[PDB]
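For reference, the chain that follows is the form deposited in one PDB entry, supplied as structure tokens.
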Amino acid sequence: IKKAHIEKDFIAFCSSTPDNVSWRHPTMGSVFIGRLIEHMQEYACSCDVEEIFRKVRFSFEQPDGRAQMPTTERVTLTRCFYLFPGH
């Protein structure tokens, strides 16, 4: 028998910080979901997903009315995850 790490290559990305609210427009959808889609469309080509999640957090940096801070949790990504869109 050969051993393997029980937990590896994960990344979780939550819409806000522990104990705090996330926001959703009742007809236009969630703010975190809208931003993640936009940064993915723009950066999947040149950035790894860990870099994209950072860029998403950056867009929330200024607390403007409905403040929220997306957070990356329990990261065991050992490598850069490049999506290579089109391949």
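Numbers for residues come from their place in the sequence shown, where the first is 1. Only residues modelled in both forms are compared. Take the two forms, superpose them, and find the largest set of C-alpha atoms that agree within 1.5 Å; that set is the rigid core.
The mean Cα B-factor in the deposited entry runs higher for 57 to 65 than for the other of 35 to 43 and 57 to 65. Higher mean CA B-factor, judged across 18 to 26 and 68 to 76 from the recorded values: 18 to 26. Residue 84 sits in the highest third of its chain by CA B factor, as recorded in the PDB entry.
Absent from the display: the form deposited in another entry. The rest refers to it.
For residue 71, the Cα coordinates differ by under 2 angstroms between the shown form and the other one after the core has been superposed.
Annotation: Cα of residue 14 displaced by less than 2 Å between the shown form and the other one, core superposition. Note on residue 75 and residue 22: their C-alpha atoms are more widely spaced in the other form, a change of at least 3 Å from this conformation. The Cα-Cα distance between residue 33 and residue 19 is shortened by 3 Å or more in the other form relative to the form shown here.
Once the rigid core is aligned, the segments that move between the shown form and the other one, defined as three or more consecutive common residues whose C-alpha shifts all reach 2 Å, run 16 to 26, 65 to 68.
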